[PDB]
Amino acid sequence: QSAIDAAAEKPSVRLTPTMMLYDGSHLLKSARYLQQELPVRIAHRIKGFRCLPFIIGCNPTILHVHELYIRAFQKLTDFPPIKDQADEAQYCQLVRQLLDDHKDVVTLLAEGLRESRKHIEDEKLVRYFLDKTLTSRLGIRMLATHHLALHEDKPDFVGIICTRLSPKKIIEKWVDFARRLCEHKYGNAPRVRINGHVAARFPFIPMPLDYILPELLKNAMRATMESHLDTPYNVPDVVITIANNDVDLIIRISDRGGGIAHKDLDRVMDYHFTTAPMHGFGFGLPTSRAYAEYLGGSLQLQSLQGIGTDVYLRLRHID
């Protein structure tokens, strides 16, 4: 479509998490902003699918995701200008439907690429496509969820921004989730100890942490159980340190799971790479790093082969 070609050239206007902390006229300004911003971001994704190597773009699962993005651009651009609160309520129902229609895009992309990637000349190309597609999708989802959340009245929240986020509380929520998955598979899970700036509270968007934290915790718990198959009733603790400063929030997850082997170290950050249904599909580590870098931070690993691994998640503060 020619409409897609016009918007794929338009530059995306990035919204700062600080800018987001800005009658009902504010919901209209937000919906109108979204209606200008979303089609441009969708069009840049469509350009990405059009630029995929022919043999990969031809995959029926990859074609399905490409078609979904075209459909999202069509539905968003065909929506009439939002003049009043009634149009704004209709818009919310469309954004909510598109949020659900695209809930499994990461799963579908992994399936489509799984076999087709093995037929290409550039290994770096698929990593670039996934880093760009998944981080842009995360940005689209945060914008969409923020607008819908501006209608709710949660205490300590302005849309998706938590004004008093406690890292200890959000880590504990995901430790409980990971211990349950771990206990279901092994009958036992490593005890998690949290130290450092346990009392820290500050404005923050939980959404990225809601993806990254269960991933890293599942990895630390699985490694601990797999390295202690001979004593599953006596496994070492996972230790989490919170460090909070004016520049960034640092979360260190240290495990005693044997470390990442020297042979595997240069492949752990590749998509699809896994040494394994509790783990995933080899997307946890590369996706979490792309998300952290997209949000002005980083994801770094330090392997102590024979002992364990320290993972450092760094996320920039809201200004």
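The first residue of the sequence shown is number 1, and the count goes up from there.
Colleague: Of the other entries that cover residues on both sides, do at least a third skip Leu27?
Modeller: Per the records, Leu27 is modelled in all the other entries.
Colleague: Using a one-third cut-off over the other compared PDB entries, is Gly257 one of the residues left without coordinates?
Modeller: No, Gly257 has coordinates in all the other entries compared.
Colleague: When you step from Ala261 to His262 in this entry, do you jump over none, 1 to 3, 4 to 9, or 10 or more residues of the deposited sequence that have no coordinates?
Modeller: Nothing is missing between them.
Colleague: Classify the number of deposited-sequence residues missing from the model between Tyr22 and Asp23: none, 1 to 3, 4 to 9, or 10 or more.
Modeller: Some 4 to 9 residues are missing between them.
Colleague: As stated in the PDB record, which stretch has the larger average Cα B-factor, 138-146 or 117-125?
Modeller: Stretch with the higher mean C-alpha B-factor: 117-125.
Colleague: Comparing average C-alpha B factors as deposited, tell me which of 24-32 and 249-257 sits higher.
Modeller: Mean C-alpha B-factor is greater for 24-32.
Colleague: Could you say which of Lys218, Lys154, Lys168, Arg193 has its CA atom at the highest B factor, as listed in the PDB entry?
Modeller: By C-alpha B-factor in the record, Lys154 ranks first.
Colleague: What third of the chain, by the recorded C-alpha B-factor, contains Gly112?
Modeller: Highest third of the chain for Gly112's C-alpha B-factor.
Colleague: Compared with the other modelled residues in the chain, in which third is the CA B-factor of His184?
Modeller: According to the entry, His184 has a C-alpha B-factor in the chain's highest third.
Colleague: Lowest, middle or highest third: where is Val268 by C-alpha B factor in its chain?
Modeller: Its C-alpha B-factor, which the entry lists for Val268, ranks in the highest third among residues of this chain.
Colleague: Can you tell me whether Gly282 has a C-alpha B-factor in the lowest, middle or highest third compared with the other modelled residues of the same chain?
Modeller: Top third by C-alpha B-factor.
Colleague: For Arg201, does the deposited CA B-factor place it in the lowest, middle or highest third of the chain?
Modeller: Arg201: CA B-factor falls in the middle third of its chain.
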